[PDB]
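First up is the structure itself, then whatever we jot down about it.
Heads up, the Cβs are rebuilt from the backbone with ideal geometry, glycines too, and the neighbour counts pull from every protein chain shown. Every number here is computed from the coordinates shown, using simple stated rules; none is lab data.
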Amino acid sequence: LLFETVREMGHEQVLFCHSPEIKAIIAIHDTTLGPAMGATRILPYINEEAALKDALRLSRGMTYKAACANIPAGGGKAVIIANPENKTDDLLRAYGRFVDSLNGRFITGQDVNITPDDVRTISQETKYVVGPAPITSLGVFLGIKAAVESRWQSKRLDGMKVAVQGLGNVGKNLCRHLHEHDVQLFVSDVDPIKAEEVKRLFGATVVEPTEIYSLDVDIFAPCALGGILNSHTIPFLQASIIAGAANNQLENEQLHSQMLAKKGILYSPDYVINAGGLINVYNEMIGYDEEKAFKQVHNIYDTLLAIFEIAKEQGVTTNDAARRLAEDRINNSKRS
Amino acid sequence: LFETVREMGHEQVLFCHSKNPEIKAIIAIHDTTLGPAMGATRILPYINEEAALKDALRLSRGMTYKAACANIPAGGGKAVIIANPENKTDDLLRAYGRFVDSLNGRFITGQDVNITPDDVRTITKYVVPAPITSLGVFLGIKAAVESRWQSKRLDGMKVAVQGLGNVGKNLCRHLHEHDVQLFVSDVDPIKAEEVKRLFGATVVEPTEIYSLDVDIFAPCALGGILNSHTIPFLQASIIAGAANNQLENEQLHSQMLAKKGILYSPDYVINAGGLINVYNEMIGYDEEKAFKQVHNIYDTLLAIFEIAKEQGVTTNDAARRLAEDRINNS
């Protein structure tokens, strides 16, 4: 059961940890480019097969999210079967012992149900924990430029039309960056108060949440929601390029990427642009150095041009291109 | 999986995997309280994924109880690989070697079924005899006499010995050299005649040895000898032997012994001479020290017999309680 699935996904090892009443699973996909990175996640899973399958899927994800980003790191993930109501400090300290067992092979972080104060509780026993908006925002701003180069052939963003979902800190900083390079903005937020501020600050024309998909614009930049590029709303896209900071953008990676491809729209992969958030966490592991971190995010620019180049030469989607680019980077890395 | 681990009390259960060497491996760690987990590596082809786990789980628990009773700073572990004996690469074994290493001296592996002493070389730096084993039982005999008979001299007593391997022979020597009358048996007759001549024993057939009215029975050939066919034929009041898994049935035949009034010395505590040898190799072998650490068999056993009489339980149930209470302090 377990071993067959590993053959299809390509994981390195899987720990089933137990004791402080614990039911926890660390899963480690690869450690080729560095030590495996992946956040701790507490959920009350239906059964252990469900717990395992969530641990295998996301761990894989981190391998690909690290490789594209060009950080020396692998893909891991750690999960715990428990109800959020059922917790204590000892359970996290016990879980802390387990990441420490791995001796820095597996470096963890925060995910759903693991608060930053929890991360501290874990930290004392282990020391392999870690814990953003402006770098994520700049990562897109680079990703946007990178995407312009593929089709349009210029680096001047002057007189280009763009649309943004989400005026959260991560998303609004993008408006700032765009406005300051003479870009015309359309803006969308789920609540009324934040949308009004941006109007005042940058002279962006506020729209309702539902209108933004169809606008006659060059670029579309979603920064608040996942599952937006879907057969319902995806037909209305007039945007030539799709670069945004939000995660899980495609409802269905395989289906809805082809929808965009076949209709001539360029999709910058969500998890390559979101990587600014990961490169932030990476530096904290190795001791934070702003000088370097602000360089390391320029990988998104280099990475994406290649993904679009690879998409064309091979005759294939950006998502398939992103895999081959991630994969070949790991394969080639065996010499060093 | 998790619920079964609850019953057994394991710490970790690593499922290791690779693509190029293409190896399916499971390291299973039961405990690390008294020290790093020790456990030998098996490579048997298992029909199922559930099967391979169950072997890894049942032996890693055992190595906790074998290590605790012996009074060495060590846990209980076990490693297994799903592979045909036929199928073995130098890379395959080297790959597995990367996986044991990753545990950073939390899992100390060892030799076992289908993995030879040069495979162990092929394999990390976390890997690892007969005389010290056979001395271990000789102490176990002495210990066993004290609990039942309250005497420290063994001269004039009668002992049966099954099998005369290197292990089996050295036992007969120690017994002979303390003026013990010996009955012997070997599954092939070739090396029974030498023990007759060397020490002056009475050589019997393989079948006859169970029936003899002797003070003590010391089996050293094979497991699964104390069974419902054999166990009524014993006259002998003591059973301290060097073979592993002597009781065919974990709990059923240990009761019969208790019932009849024959007191049994645990298989795993007596064989510790073998383990404690292996332990001393890890740290860097010192004979001076190793030859002392085996005397824990004598000391441990006396308690196992004493703790039986106190609560009124079998020597195996007793031996569980000692291992457990040694863990719970440490």
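Key figures
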| quantity | calculated |
| --- | --- |
| Ascending count of other beta-carbon atoms within 10 Å, so fewest first, for A:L52, A:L138, B:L226 | A:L138, A:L52, B:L226 |
| Cα-based Rg of region B:128-320 normalised by 2.2 N^0.38 Å, two decimals | 0.98 |
| Neighbour net charge for B:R197 - beta-carbon separation under 15 angstrom, K R +1, D E -1 | +1 |
| Radius 15 Å from Cβ of A:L33, net charge of other residues (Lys, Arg +1; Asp, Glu -1) | +2 |
| B:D118-B:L222 pseudo-label distance in nm [points 7 Å out on the Cα-to-Cβ vector] | 2.9 |
| In sequence order, calculated HN-Hα J values of region B:96-112 (Karplus, 6.51, -1.76, 1.60; Hz; x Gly/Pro) | 3, x, 5, 6, 5, 4, 2, 5, 6, x, 8, 10, 9, 7, x, 7, 6 |
| Order of B:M8, A:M37, A:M259 under a 10 Å beta carbon neighbour criterion, fewest first | B:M8, A:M259, A:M37 |
| A:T205 versus A:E21: modelled label distance in nm, points set 7 Å from Cα along the beta carbon direction | 6.0 |
| Over the protein assembly as shown: Kirkwood hydrodynamic radius from C-alpha pairwise inverse distances, Å | 29.1 |
| Given B:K158/B:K196; A:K145/A:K312; A:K194/A:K292; B:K152/B:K292; B:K125/B:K169, the pairs whose alpha carbons are separated by over 23 Å | A:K194/A:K292; B:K125/B:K169 |
| Residues A:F294 and B:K54, FRET efficiency given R0 of 45 Å [Cβ-Cβ distance, rounded to 0.05] | 0.25 |
| Residue exposure sequence - A:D328, A:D111 - by fewest surrounding Cβ within 10 Å | A:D328, A:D111 |
| Debye log10 I(q)/I(0) for chain A, one point scatterer per Cα, at q = 0.10 Å⁻¹ | -0.62 |
| Nearest-0.05 FRET efficiency for B:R98 and B:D325, computed from C-beta distance (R0 56 Å) | 0.90 |
| Among beta bridges that DSSP assigns inside the protein assembly as shown, antiparallel share in %, nearest 5 | 35 |
| A:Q314 paired with B:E86, simple spin-label distance in nm, labels 7 Å along Cα-to-beta-carbon | 3.8 |
